[PDB]
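Report on the following structure.
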Amino acid sequence: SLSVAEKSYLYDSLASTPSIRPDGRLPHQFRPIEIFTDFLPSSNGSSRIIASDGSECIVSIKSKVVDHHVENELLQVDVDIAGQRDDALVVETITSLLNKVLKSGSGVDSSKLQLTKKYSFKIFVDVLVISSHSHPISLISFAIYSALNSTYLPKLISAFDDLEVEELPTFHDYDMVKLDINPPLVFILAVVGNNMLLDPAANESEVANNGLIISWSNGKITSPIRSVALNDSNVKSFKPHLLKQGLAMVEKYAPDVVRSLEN
Amino acid sequence: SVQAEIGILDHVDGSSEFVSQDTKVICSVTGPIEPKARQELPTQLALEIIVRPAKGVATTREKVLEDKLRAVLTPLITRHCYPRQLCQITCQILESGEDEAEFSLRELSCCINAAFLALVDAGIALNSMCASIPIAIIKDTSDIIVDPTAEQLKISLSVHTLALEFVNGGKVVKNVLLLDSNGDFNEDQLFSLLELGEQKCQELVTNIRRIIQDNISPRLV
Amino acid sequence: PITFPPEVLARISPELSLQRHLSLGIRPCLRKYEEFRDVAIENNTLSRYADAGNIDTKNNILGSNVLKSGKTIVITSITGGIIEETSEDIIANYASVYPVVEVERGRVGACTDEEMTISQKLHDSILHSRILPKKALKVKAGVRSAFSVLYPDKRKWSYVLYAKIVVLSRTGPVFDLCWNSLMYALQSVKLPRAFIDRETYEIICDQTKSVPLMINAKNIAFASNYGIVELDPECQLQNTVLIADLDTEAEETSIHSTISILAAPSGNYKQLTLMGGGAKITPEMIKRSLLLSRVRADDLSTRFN
Amino acid sequence: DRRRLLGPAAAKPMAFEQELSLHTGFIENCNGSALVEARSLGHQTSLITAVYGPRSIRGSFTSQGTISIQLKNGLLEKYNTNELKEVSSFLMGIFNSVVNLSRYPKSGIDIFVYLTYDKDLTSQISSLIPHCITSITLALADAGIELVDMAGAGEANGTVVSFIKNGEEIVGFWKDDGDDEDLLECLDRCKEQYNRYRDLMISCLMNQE
Amino acid sequence: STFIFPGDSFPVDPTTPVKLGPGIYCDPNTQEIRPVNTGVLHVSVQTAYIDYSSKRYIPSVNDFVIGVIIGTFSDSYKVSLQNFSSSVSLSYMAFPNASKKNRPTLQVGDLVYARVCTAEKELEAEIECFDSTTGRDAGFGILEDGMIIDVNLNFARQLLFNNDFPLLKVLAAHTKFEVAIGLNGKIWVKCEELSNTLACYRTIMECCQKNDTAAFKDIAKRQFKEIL
Amino acid sequence: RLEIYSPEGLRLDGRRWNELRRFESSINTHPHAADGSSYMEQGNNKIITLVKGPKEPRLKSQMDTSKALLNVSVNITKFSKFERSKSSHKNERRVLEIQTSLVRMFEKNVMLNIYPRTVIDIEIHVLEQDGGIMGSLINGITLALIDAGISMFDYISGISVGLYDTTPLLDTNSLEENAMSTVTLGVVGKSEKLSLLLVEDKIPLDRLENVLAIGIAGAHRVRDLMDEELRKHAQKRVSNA
Amino acid sequence: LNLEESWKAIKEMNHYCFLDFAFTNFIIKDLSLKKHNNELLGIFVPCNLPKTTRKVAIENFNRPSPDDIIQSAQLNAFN
Amino acid sequence: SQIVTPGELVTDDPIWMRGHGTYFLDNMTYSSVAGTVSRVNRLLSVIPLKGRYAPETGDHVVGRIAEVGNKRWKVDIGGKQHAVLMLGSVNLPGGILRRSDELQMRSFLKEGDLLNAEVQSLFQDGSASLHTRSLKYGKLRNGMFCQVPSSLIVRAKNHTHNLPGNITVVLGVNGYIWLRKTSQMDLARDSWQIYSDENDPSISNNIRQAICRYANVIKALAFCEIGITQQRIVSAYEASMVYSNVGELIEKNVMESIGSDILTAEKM
Amino acid sequence: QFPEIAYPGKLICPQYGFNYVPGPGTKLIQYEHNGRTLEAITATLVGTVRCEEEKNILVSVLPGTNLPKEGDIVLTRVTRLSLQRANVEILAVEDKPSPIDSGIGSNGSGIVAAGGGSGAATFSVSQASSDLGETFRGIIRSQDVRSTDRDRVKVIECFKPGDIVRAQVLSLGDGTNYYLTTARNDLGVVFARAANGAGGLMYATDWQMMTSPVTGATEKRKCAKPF
């Protein structure tokens with residue numbers, strides 16, 4: 001909650017040439033984060049992200065063996081946000097977007113989940129947001145990206161061709177195989193006048209004119225793209241040249257973010 | 001005949017219990033009391049009516065019974081004597097006396113009689129007296145049966161419920177509060193059914209007057 | 001002079017508005033005392049068998065009806081199911097339909113009293129009218145073998161019917177409209193043919209072949225309602241009356257003595273409801289209502305195709 | 001279910017360019033309404049929308065109005081809850097930019113859309129978005145709610161774009177699947193559809209007085 | 001004198017003017033006098049009323065009641081006379097010799113003895129802790145300690161107004177006690193020892209459960225022998 | 001068919017009959033999200049507890065002029081066991097029972113009468129679960145409440161004891177809880193008085209006192225560990241700041 | 001912009017082309033009160049009211065209300 | 001002093017008088033919190049290690065308007081309860097009794113506004129009563145808001161300071177901080193427009209940069225848990241001129257370096 | 001020249017030509033045409049354009065060829081009385097019913113309040129604004145009943161529950177109630193019934209009296225002036 005004078009001051013600062021952010025960041029600069037992985041021994045993979053303003057997210061990865069003819073989608077995401085109802089609009093919108101970005105053909109290599117000519121692994125992604133102060137789409141995306149690159153799966157040791165004669169799948173009791181799937185990343189941008197901002201803060205979201213959601217995968221922009229309202233009292237229309245600017249910005253500065261999440 | 005008892009519960013304003021053949025209903029009344037803000041009416045009394053079945057949980061079958069009970073009870077009560085107050089009325093069915101999968105008229109009549117007795121016991125201002133009977137018409141014979149049994153309902157062609165209003169010592173009919181007919185019938189059958197039902201209701205209301213006077217008189221000086 | 005619009009007057013003093021209108025020989029709905037509303041329908045346009053030559057393959061609707069009366073619109077659609085049946089004029093030999101009613105009035109939530117009571121009463125009146133015999137829902141299943149299906153010119157199965165009714169632009173009680181729309185929709189239902197391939201037997205519906213639904217056509221009835229008002233001497237502008245087809249806000253708020261009838265064109269009656277919470281109800285008014293309902297049912301039965 | 005009649009528990013369900021017409025103000029118990037009906041070679045759609053408000057709202061004092069949008073199926077249940085709610089959120093984002101919400105303190109506006117009819121005469125929910133926008137605009141104008149401009153939309157190869165100010169501004173952008181390098185063509189095609197829809201909407205408002 | 005039912009003929013000459021008491025209604029539309037309650041009709045410048053059985057109290061002017069303080073406001077108390085009923089109000093200036101410096105010192109949970117002074121149909125009823133009609137202050141105020149007994153309204157009326165009701169006399173033959181009687185269905189008693197108060201409570205409850213006033217003495221003797 | 005208690009006096013994980021599992025706790029883990037917080041590890045259990053308040057009530061209906069209102073919320077995740085849960089646990093009767101039991105336990109210990117017209121909210125997240133979860137919940141709530149600087153009379157410690165034929169086993173895990181009946185206790189301070197007693201399966205009447213005594217001694221040891229951790233954290237906090 | 005330029009821009013930007021469905025046809029289809037107004041929609045006056053009583057009622061409201069008298073005297077105090 | 005935990009015996013001498021943070025049974029005194037033992041004459045009490053801000057008479061606080069009520073306002077100051085601001089405790093531009101202003105209270109203060117106030121008195125349960133009856137108090141404008149824990153605000157006699165670069169800071173006792181451009185009143189320290197929502201139309205870029213840097217160094221001081229004073233604020237601002245970009249001050253190592261340099265310079 | 005008819009998004013006039021000021025149904029919007037900034041007044045409603053002089057000119061769009069606000073005239077029903085104030089519910093805002101649908105018949109038979117049925121306990125609070133049949137609420141304080149002697153007003157001698165009262169809005173109040181006044185000759189009771197709503201209608205006789213026609217009984221009200 002901000003007053004009229006605060007909002008006017010902040011908007012005058014942000015919508016200037018050059019733009020002035022309240023903490024002095026550059027238009028493309030991110031804030032520091034802390035990453036932990038592999039701290040839930042009962043899961044195939046896990047991660048925890050802590051933001052500088054107190055935001056925190058926890059991700060768990062679990063698997064199951066299914067018949068990949070009856071089963072159509074091998075990736076499923078479930079989202080829980082503390083303080084919100086299970087049928088809240090924002091929760092279901094985020095769930096839908098995250099299931100769309102990890103669909104079968106999106107840049108996610110689902111051929112690595114196949115065991116035997118009949119069966120496959122199905123991956124369950126569980127997300128729990130402990131504390132948040134703005135739209136937590138990119139934080140959840142970063143946590144999912146971190147957790148999926150440190151996941152291990154059971155190793156099959158019982159035949160591969162079972163079209164004619166089928167045997168129950170059987171797995172080695174100690175060894176596991178690292179999953180080398182290619183996960184995407186999701187970015188959120190803010191529109192303040194004629195400027196574009198990367199990784200906006202809570203107070204910057206209260207004065208923004210509009211927002212954009214852009215997906216990224218292995219060097220290219222990916223299909224799920226949306227316009228989103230970050231507030232309800234200042235949302236307005238924008239000219240078409242700001243969309244191209246945002247796409248170019250994501251294309252230019254995405255590779256640096258990838259190197260920050262390595263290991 | 002029928003058996004009725006008055007004043008059997010301890011933590012309500014009024015209560016009763018009505019038995020007719022194999023149908024058994026117990027009812028309670030609490031009011032006038034303070035209502036919720038969303039139930040309040042500026043100039044008259046508000047009602048809250050609940051009906052519970054003998055088996056299972058309450059469903060849409062009980063909602064129709066609540067609607068009909070509310071229709072019958074609203075003109076009976078002198079509602080303008082209790083502005084913005086509430087009266088709670090609850091009926092529990094203990095034994096249906098019929099096949100609940102097909103028929104519900106005996107329960108409706110028993111609930112009407114029990115609710116009237118509980119309203120008398122509580123001390124609520126009433127405009128007049130009431131009585132209710134079930135009626136059926138049997139196949140082949142085409143005879144009109146007052147107070148049918150459960151076996152006669154299984155071979156019936158139409159089933160009816162009649163509730164009347166009596167004044168002046170229980171001898172003058174003031175209005176027809178409810179008539180509910182379902183089946184197949186013509187006009188002559190209807191006008192014979194009404195004529196028989198009026199006499200049966202008069203006998204029932206005389207019996208009810210005797211029971212009430214027997215129960216209430218020892219409580220006064 | 002100080003004057004209010006008719007809607008405002010109906011909102012702030014409905015009884016006075018009703019009394020003033022009646023003394024002039026009219027009604028606040030602008031009709032005569034014994035005048036009904038006109039009815040127009042459109043049968044079987046949303047079903048999968050609507051086009052006899054081109055059968056829709058993504059549609060699971062077996063019968064349909066659209067009804068318009070005054071400003072109110074009713075849409076009815078019927079679907080089906082199948083159940084395995086393990087284990088005269090008597091009511092034990094008859095079936096019914098399971099309806100769900102929605103009245104659009106700007107509310108989100110669970111069902112209201114109106115919707116629940118209307119659904120239950122539709123189910124009960126279908127059962128009591130002896131319209132749908134149980135033997136009319138028995139499945140004569142075929143067998144498919146190497147692939148073709150042979151029908152007979154073990155286990156047992158029965159059909160189950162469901163109904164969905166949507167009411168738009170409501171201005172008054174809507175039970176009669178829903179009943180009449182459902183009556184129109186039932187006479188156009190086609191049942192798909194079914195065949196078969198601890199045991200697991202799966203029954204499958206035929207893609208294009210179907211058979212008609214056989215109902216007792218002499219037991220079909222139509223609905224109407226009436227109201228009774230007592231005149232107030234001090235409110236008449238410069239004795240009791242009978243009113244048909246109640247509508248608008250002023251009439252529904254002020255009238256507490258009503259009559260409901262289901263009448264068949266054969267000559268008998270299937271339903272009758274009397275509720276006297278206002279003016280006294282006399283035998284003459286009952287007879288008049290019966291005659292009017294007979295005329296209305298005769299009109300509604302022989303009006304289309 | 002204690003509030004519905006759903007039948008026996010053991011039963012199983014049976015297993016087996018565009019020309020427009022626009023009309024407003026035909027529902028009695030609401031504030032505004034519209035009917036949109038579009039036909040082409042290989043598709044046919046009908047839609048109904050209704051507006052309730054401005055009305056009282058529960059809670060504390062608010063200085064501007066609040067908008068709620070509800071999408072419902074019709075006849076056939078072709079969509080599940082999650083996608084309908086996502087489309088509702090997108091529409092609410094669009095219409096928070098065109099309604100003059102500062103004019104309606106401590107009040108709410110509720111909008112209902114019914115998906116009556118949709119038949120294939122010869123990626124499926126995206127092509128339905130423009131007609132929803134047209135219907136909501138028409139119903140809001142019919143109900144007398146203040147709008148800064150008339151909002152329309154167009155669809156081209158899985159991309160939906162909504163315009164105001166004669167196509168010089170964007171109030172909504174949606175993209176699923178499709179080609180990654182096709183952005184200018186989509187914008188041009190969507191704007192071309194938007195201009196025709198805007199002409200038809202203005203004609204409908206001006207003629208039916 | 002006679003037993004009457006709602007809807008019965010009213011046996012009073014229409015010419016003679018009779019003041020109407022409880023249980024009798026005057027129709028606002030037809031101006032007709034009819035009974036609405038079941039019971040015994042008593043006709044006494046003559047007054048007619050019906051005596052009927054009841055348990056739920058409705059406030060009436062000049063009644064003696066016992067209340068519980070349930071809330072304190074800036075200028076008055078909030079008082080309950082019966083569970084689940086609408087509350088009444090007791091003003092800070094409704095005490096003897098009251099002024100803006102001589103404030104009352106009652107708390108939430110205290111018992112009070114008061115008189116109903118205002119019972120308008122469109123408003124909330126008011127009570128006072130002194131008889132304003134006569135200027136008398138006879139027992140009104142706080143009741144310390146003791147025990148409270150719930151009874152029906154006819155029993156409370158019989159205790160308060162009938163001097164031939166034998167309960168107080170038979171109770172006084174066993175112990176010395178203090179008593180306050182409220183027409184809302186409350187009785188307050190207190191003795192010097194707790195056992196005597198308990199015996200009085202049990203005797204009053206059992207006597208109210210019965211209808212025969214000739215068995216009161218045996219009940220009292222048995223109950224006072226029980227406590228040893 | 002496994003050796004729950006071997007003839008040599010050893011359990012399946014290598015413990016003896018009167019030994020606790022590994023006990024680790026942390027305090028002030030979420031400074032930016034709550035007034036008080038804790039992180040509890042008991043064997044393979046992992047729980048996060050947050051305490052918010054005392055603060056202004058959200059609604060004017062939930063206001064009391066004589067004391068504060070206390071609320072407890074428990075969230076059990078779908079990934080807390082080896083097998084993923086099919087549906088949510090938010091509105092189960094078991095969870096509501098747990099929440100009511102915790103509220104009624106801690107109503108008598110917290111001095112709610114010195115914070116009138118306020119509300120205190122407790123939110124709990126269970127990440128991993130390996131038997132004896134109720135005692136862990138009790139210990140986490142105690143630690144988080146003390147970390148928030150809220151007045152109370154004493155500690156409350158939770159413990160679980162299983163009865164295997166004639167042998168009592170202290171602080172059972174999931175394998176033992178699926179093969180025998182268990183008892184859960186809540187002990188106040190260093191006394192013999194119980195705040196909670198929970199028996200859900202059959203136990204012979206003439207074998208309950210011994211189980212109670214064993215559990216009471218175990219809870220005293222648990223209280224000692226919690227007190228030591230709290231004192232160490234306080235010493236570190238005051239040494240430099 | 002100049003006034004003439006602004007007006008030309010206004011005129012140019014305001015341009016638009018001003019120009020058999022079964023469902024639409026089905027849904028979108030197609031004196032006593034006029035002479036009886038001011039009585040059907042007026043305030044309540046009893047039917048059988050003598051002209052004397054009506055005149056007395058009308059005459060009362062043509063005299064100052066209680067607020068009018070008090071406001072008249074207060075003018076001299078607060079100028 | 002001595003660290004105690006809840007339920008611990010403090011003393012058994014029947015000579016002490018008990019204060020806050022303790023309970024007793026006969027002659028035995030116990031602790032109800034974790035904290036330190038304090039003695040004042042014959043009074044014995046325990047001071048908690050952690051807790052929320054507790055208002056005191058005469059405090060200078062910064063708060064936000066929460067509710068608009070009946071002749072009163074509700075103000076959030078970060079305590080256990082909301083504070084109360086009566087309509088008679090503020091200054092009205094026109095007057096109090098003109099032959100309104102009770103139904104038009106939102107024309108002066110409404111939900112979300114920030115203001116400067118002083119604690120007038122405490123109620124029975126500890127809740128505060130505020131007043132704004134001086135020219136140095138009122139609506140806040142022309143700057144930015146930041147927050148630090150109240151335990152890091154060192155008690156002093158003055159709480160408004162003028163900083164180099166034409167910047168003024170208002171240090172709230174409850175921990176709420178306001179940074180703004182220096183005005184004429186601030187310079188002089190060393191009618192209808194007092195409720196205006198408009199900012200100064202002549203705020204330059206240098207002032208905005210300076211405010212950003214001051215906010216960053218205040219957050220850096222709070223990160224190292226160093227008490228905030230005017231001298232420390234100025235010293236940290238001057239020592240951060242090594243970095244030309246304000247945005248580099250948000251990294252952890254830079255914040256720790258600034259704090260350690262401040263402490264080392266003070267200790268020398 | 002000014003346009004004659006308007007629709008949402010239609011430009012009307014520039015700011016100067018005289019300084020133009022947007023009124024009801026209009027707005028001021030920034031436009032960029034041919035690379036130059038433009039200011040104009042834009043219509044927000046369908047209707048006709050009229051301008052009145054208040055130099056400064058106010059431009060407004062009037063529907064044809066709502067939400068209560070300060071200065072509006074409303075028709076209300078009395079719900080509760082006390083010694084300090086009266087509680088009412090708003091039924092119509094400037095001869096237009098509010099809401100359009102009152103919810104009659106939604107709770108079944110009998111005489112039920114709008115929120116007194118089964119649907120009141122299952123309303124989705126987080127997916128809508130309010131339930132079926134809900135209305136705006138207002139409060140009339142005793143000091144606002146009249147303009148003179150506003151310290152000796154007896155509420156029960158002015159209004160009764162169930163009366164229809166014409167009032168004027170003073171303030172928006174809180175989120176629950178508006179604030180209303182009747183301190184004018186044309187404001188007060190317009191419809192009333194004898195015996196506290198159980199009898200027949202009464203007619204106004206004097207500034208402070210109403211009369212029952214069937215039986216010549218009189219009661220005290222604060223009568224709004226007829227004719």
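Residues in the structure tokens are numbered from 1 in each chain, the chains being A, B, ... in the order shown, and ligands are numbered from 1 in the order shown.
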**OP:** Give the strand (DSSP E or B) residues of region 164-261 of chain C, as DSSP finds them on the backbone, and put them as a PyMOL selection string.
**Re:** chain C and resi 164-168+190-196+203-212+222-230+240-244+257-261
**OP:** Enumerate as a PyMOL selection string all residues of region 147-233 of chain F assigned to alpha helix (DSSP H) by DSSP on the backbone, naming them with the chain letters and numbers the document uses.
**Re:** chain F and resi 147+174-177+208-233
Store the residues of this selection in a file with N, CA and C atoms, as an mmCIF file, in the first residue's frame.
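File out.cif, as written:
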```cif
data_model
loop_
_atom_site.group_PDB
_atom_site.id
_atom_site.type_symbol
_atom_site.label_atom_id
_atom_site.label_comp_id
_atom_site.auth_asym_id
_atom_site.auth_seq_id
_atom_site.Cartn_x
_atom_site.Cartn_y
_atom_site.Cartn_z
ATOM 1 N N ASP F 147 10.738 -18.106 20.869
ATOM 2 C CA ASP F 147 11.531 -17.211 20.028
ATOM 3 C C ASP F 147 10.827 -15.886 19.746
ATOM 4 N N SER F 174 8.632 -44.987 11.510
ATOM 5 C CA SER F 174 7.521 -45.445 10.677
ATOM 6 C C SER F 174 7.414 -46.965 10.648
ATOM 7 N N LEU F 175 8.549 -47.663 10.595
ATOM 8 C CA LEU F 175 8.516 -49.122 10.573
ATOM 9 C C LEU F 175 7.905 -49.684 11.850
ATOM 10 N N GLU F 176 8.272 -49.124 13.003
ATOM 11 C CA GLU F 176 7.736 -49.617 14.267
ATOM 12 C C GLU F 176 6.280 -49.207 14.455
ATOM 13 N N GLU F 177 5.906 -48.017 13.980
ATOM 14 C CA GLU F 177 4.536 -47.546 14.147
ATOM 15 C C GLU F 177 3.536 -48.356 13.334
ATOM 16 N N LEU F 208 -0.111 -49.847 31.165
ATOM 17 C CA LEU F 208 -0.065 -48.453 30.739
ATOM 18 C C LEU F 208 0.807 -47.567 31.624
ATOM 19 N N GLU F 209 0.895 -47.853 32.928
ATOM 20 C CA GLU F 209 1.694 -47.018 33.824
ATOM 21 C C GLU F 209 3.176 -47.051 33.466
ATOM 22 N N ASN F 210 3.699 -48.233 33.136
ATOM 23 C CA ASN F 210 5.107 -48.344 32.772
ATOM 24 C C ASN F 210 5.416 -47.520 31.528
ATOM 25 N N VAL F 211 4.539 -47.596 30.524
ATOM 26 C CA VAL F 211 4.696 -46.793 29.316
ATOM 27 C C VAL F 211 4.677 -45.310 29.658
ATOM 28 N N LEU F 212 3.762 -44.903 30.543
ATOM 29 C CA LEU F 212 3.681 -43.498 30.928
ATOM 30 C C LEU F 212 4.971 -43.024 31.589
ATOM 31 N N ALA F 213 5.537 -43.837 32.484
ATOM 32 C CA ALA F 213 6.771 -43.446 33.163
ATOM 33 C C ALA F 213 7.937 -43.321 32.184
ATOM 34 N N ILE F 214 8.063 -44.282 31.263
ATOM 35 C CA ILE F 214 9.135 -44.222 30.269
ATOM 36 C C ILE F 214 9.001 -42.960 29.422
ATOM 37 N N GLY F 215 7.775 -42.661 28.983
ATOM 38 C CA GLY F 215 7.557 -41.465 28.188
ATOM 39 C C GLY F 215 7.866 -40.188 28.943
ATOM 40 N N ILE F 216 7.541 -40.152 30.236
ATOM 41 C CA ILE F 216 7.806 -38.959 31.036
ATOM 42 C C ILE F 216 9.308 -38.706 31.148
ATOM 43 N N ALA F 217 10.092 -39.762 31.390
ATOM 44 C CA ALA F 217 11.544 -39.586 31.442
ATOM 45 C C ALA F 217 12.103 -39.107 30.098
ATOM 46 N N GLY F 218 11.631 -39.702 28.997
ATOM 47 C CA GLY F 218 12.078 -39.253 27.686
ATOM 48 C C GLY F 218 11.759 -37.793 27.419
ATOM 49 N N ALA F 219 10.562 -37.354 27.816
ATOM 50 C CA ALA F 219 10.184 -35.960 27.618
ATOM 51 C C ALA F 219 11.038 -35.017 28.457
ATOM 52 N N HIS F 220 11.436 -35.439 29.660
ATOM 53 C CA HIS F 220 12.355 -34.615 30.443
ATOM 54 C C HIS F 220 13.685 -34.428 29.717
ATOM 55 N N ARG F 221 14.207 -35.500 29.116
ATOM 56 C CA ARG F 221 15.446 -35.359 28.345
ATOM 57 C C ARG F 221 15.264 -34.425 27.144
ATOM 58 N N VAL F 222 14.115 -34.519 26.470
ATOM 59 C CA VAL F 222 13.832 -33.634 25.339
ATOM 60 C C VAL F 222 13.806 -32.172 25.786
ATOM 61 N N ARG F 223 13.180 -31.903 26.934
ATOM 62 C CA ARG F 223 13.156 -30.546 27.471
ATOM 63 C C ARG F 223 14.564 -30.041 27.756
ATOM 64 N N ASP F 224 15.425 -30.908 28.294
ATOM 65 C CA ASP F 224 16.810 -30.508 28.530
ATOM 66 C C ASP F 224 17.502 -30.095 27.234
ATOM 67 N N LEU F 225 17.317 -30.878 26.167
ATOM 68 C CA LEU F 225 17.950 -30.534 24.891
ATOM 69 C C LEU F 225 17.449 -29.193 24.356
ATOM 70 N N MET F 226 16.135 -28.964 24.418
ATOM 71 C CA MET F 226 15.590 -27.695 23.938
ATOM 72 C C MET F 226 16.130 -26.516 24.742
ATOM 73 N N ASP F 227 16.205 -26.663 26.068
ATOM 74 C CA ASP F 227 16.717 -25.582 26.903
ATOM 75 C C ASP F 227 18.177 -25.282 26.590
ATOM 76 N N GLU F 228 18.985 -26.325 26.381
ATOM 77 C CA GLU F 228 20.388 -26.109 26.042
ATOM 78 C C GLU F 228 20.528 -25.345 24.731
ATOM 79 N N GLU F 229 19.749 -25.728 23.714
ATOM 80 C CA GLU F 229 19.827 -25.024 22.436
ATOM 81 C C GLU F 229 19.423 -23.560 22.581
ATOM 82 N N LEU F 230 18.344 -23.297 23.325
ATOM 83 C CA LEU F 230 17.887 -21.922 23.503
ATOM 84 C C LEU F 230 18.931 -21.075 24.221
ATOM 85 N N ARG F 231 19.542 -21.621 25.277
ATOM 86 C CA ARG F 231 20.562 -20.869 26.003
ATOM 87 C C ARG F 231 21.770 -20.581 25.124
ATOM 88 N N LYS F 232 22.188 -21.555 24.312
ATOM 89 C CA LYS F 232 23.330 -21.321 23.432
ATOM 90 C C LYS F 232 23.038 -20.209 22.430
ATOM 91 N N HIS F 233 21.846 -20.230 21.825
ATOM 92 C CA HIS F 233 21.497 -19.173 20.879
ATOM 93 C C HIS F 233 21.449 -17.812 21.560
#
```
Contacts from chain B to chain C, 9 Å maximum, only C-alpha atoms: show me the residue list as a PDB file with C-alpha atoms, in the first residue's frame.
```pdb
ATOM      1  CA  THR B  60     -34.007 -32.216  -1.886  1.00  0.00           C
ATOM      2  CA  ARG B  61     -36.909 -34.484  -0.884  1.00  0.00           C
ATOM      3  CA  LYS B  63     -36.849 -29.252   0.893  1.00  0.00           C
ATOM      4  CA  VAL B  64     -40.264 -29.741  -0.733  1.00  0.00           C
ATOM      5  CA  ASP B  67     -41.731 -25.532   1.514  1.00  0.00           C
ATOM      6  CA  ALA B  71     -46.937 -22.502   3.108  1.00  0.00           C
ATOM      7  CA  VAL B  72     -49.360 -24.047   5.611  1.00  0.00           C
ATOM      8  CA  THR B  74     -47.604 -18.775   7.506  1.00  0.00           C
ATOM      9  CA  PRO B  75     -51.322 -17.743   7.503  1.00  0.00           C
ATOM     10  CA  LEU B  76     -51.951 -19.531  10.833  1.00  0.00           C
ATOM     11  CA  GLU B 102     -42.423 -43.491  -3.699  1.00  0.00           C
ATOM     12  CA  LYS B 139     -57.509 -49.304  -8.311  1.00  0.00           C
ATOM     13  CA  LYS B 154     -48.938 -49.663  -3.256  1.00  0.00           C
ATOM     14  CA  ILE B 155     -52.069 -50.318  -5.351  1.00  0.00           C
ATOM     15  CA  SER B 156     -53.387 -46.760  -5.533  1.00  0.00           C
ATOM     16  CA  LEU B 157     -54.054 -44.517  -8.529  1.00  0.00           C
ATOM     17  CA  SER B 158     -53.847 -41.067  -6.911  1.00  0.00           C
ATOM     18  CA  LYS B 174     -62.658 -20.694   7.045  1.00  0.00           C
ATOM     19  CA  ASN B 175     -60.285 -21.608   4.190  1.00  0.00           C
ATOM     20  CA  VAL B 176     -58.525 -24.493   2.470  1.00  0.00           C
ATOM     21  CA  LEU B 177     -54.892 -24.171   3.534  1.00  0.00           C
ATOM     22  CA  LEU B 178     -53.476 -26.918   1.303  1.00  0.00           C
ATOM     23  CA  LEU B 179     -54.705 -29.463  -1.219  1.00  0.00           C
ATOM     24  CA  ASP B 180     -52.052 -31.542  -2.995  1.00  0.00           C
ATOM     25  CA  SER B 181     -53.235 -34.125  -5.543  1.00  0.00           C
ATOM     26  CA  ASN B 182     -51.028 -36.372  -7.684  1.00  0.00           C
ATOM     27  CA  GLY B 183     -52.177 -39.092 -10.065  1.00  0.00           C
ATOM     28  CA  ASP B 184     -55.170 -39.381 -12.401  1.00  0.00           C
ATOM     29  CA  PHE B 185     -58.663 -38.179 -11.501  1.00  0.00           C
ATOM     30  CA  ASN B 186     -61.731 -36.381 -12.840  1.00  0.00           C
ATOM     31  CA  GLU B 187     -63.920 -33.617 -11.430  1.00  0.00           C
ATOM     32  CA  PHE B 191     -65.612 -33.027  -5.415  1.00  0.00           C
TER      33      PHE B 191
END
```
